[PDB]
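Numbered according to our numbering, the sequence shown spans residues 621 to 875.
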Amino acid sequence: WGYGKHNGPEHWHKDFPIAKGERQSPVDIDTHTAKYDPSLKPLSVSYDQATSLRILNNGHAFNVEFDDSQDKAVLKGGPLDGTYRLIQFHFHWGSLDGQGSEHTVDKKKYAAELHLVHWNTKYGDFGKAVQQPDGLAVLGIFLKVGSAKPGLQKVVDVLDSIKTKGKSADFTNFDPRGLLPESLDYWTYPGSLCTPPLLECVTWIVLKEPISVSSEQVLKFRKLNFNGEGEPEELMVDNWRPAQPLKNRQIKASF
Ligand SMILES: [Zn+2]
């Protein structure tokens, strides 16, 4: 599986049948159909103690991994019950500024999308979490092209170092707080992982407010390779999955 013409999202169902299930992700967020739910508590983002470890090119995206052996970077509140630990974050972007996000708002596409992945600490580890309906909580943040994001620059500069699939670089003392928008208003719905195995274990929390990044920040993203070193160069772009059918599910807003 990949994002190519022969291994793309349109093909995943062949190896991953769940691909055509009932609670697949990403989806189009219809703002006029979303239900304001007064019973939704505010989100609680505690990342003051975050411990980043490294960044790696997995051939489909770049992942920034965190030490999740203790409650150091956690998420709670909102529609969540219990504590969820930050394990990693990655992005999805396009070849152009007009595409790249997974989730869409009123059919509008953003330049990129950030996914913060967290797993429910009653399950003991990530692996057992993906087997539960309330196993993971992914925080989704949209990216628009405008003014640079100071907090993203540490990431940008390291990209050179993990150009091809399989490369990794030590990446400590990175503070994820530098990626958050001013407002914490969100949308939430039950969904799945954004890539194979496509497990339907995710509570999606998508922030209404996007962060801005400069054109040269995103450009650096697009310089990445899906291919491993010593192979034909295939630029890592359009690594995003198209919107899936809501299929009954209801999207709730905190505003
Ligand atoms: Zn993702």
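Where a beta carbon is used, it is the ideal one built from N, C-alpha and C, also for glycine.
Fully contained in the stretch 648-701 is no alpha helix (DSSP H) run of length 4 or more. Straight through space, the alpha carbons of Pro810 and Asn868 are spaced by roughly 11 Å.
Segment contact: the stretch 755-765 against the stretch 774-794, fewer than three CB-CB distances shorter than 8 Å; contact not assigned. Counting every other CB atom within 10 Å of its CB across the protein chains shown gives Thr651 a total below 16, marking it as exposed. When secondary structure is reduced to three states using DSSP, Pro865 falls in the coil class, being assigned neither helix nor strand. In this structure, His710 has its CB closer than 7 Å to one or more heavy atoms of ligand 1.
Around the beta carbon of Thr724, a 10 Å sphere encloses 16 or more other beta carbons of the protein chains shown; the residue is thus reported as buried. With 5 Å as the limit between CB and the heavy atoms of ligand 1, the residues that fall short of it are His735, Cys814. The three-state secondary structure of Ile831, taken from DSSP, is strand. The continuous beta strand (DSSP E) containing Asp790 extends over residues 788-790. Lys764: member of the beta strand (DSSP E) spanning 756-765, first to last residue. Beta-bridge partners assigned by DSSP to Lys872: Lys655, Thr808. Per DSSP, reduced to three states, the secondary structure at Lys634 is helical.
In this structure, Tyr667 and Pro830 do not form a Cβ contact; the two beta carbons are roughly 19 Å apart against a cut-off of 8 Å. Distance from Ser645 to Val822 at the Cβ level is roughly 7 Å; contact confirmed, criterion being Cβ atoms closer than 8 Å. With respect to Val765, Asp691 sits apart: the two C-beta atoms are not nearer than 8 Å. If you look at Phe711, you'll find it isn't in any alpha helix (DSSP H); it sits in the beta strand (DSSP E) that goes 704-713. Secondary structure note for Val778: its alpha helix (DSSP H) is the uninterrupted segment 773-778.
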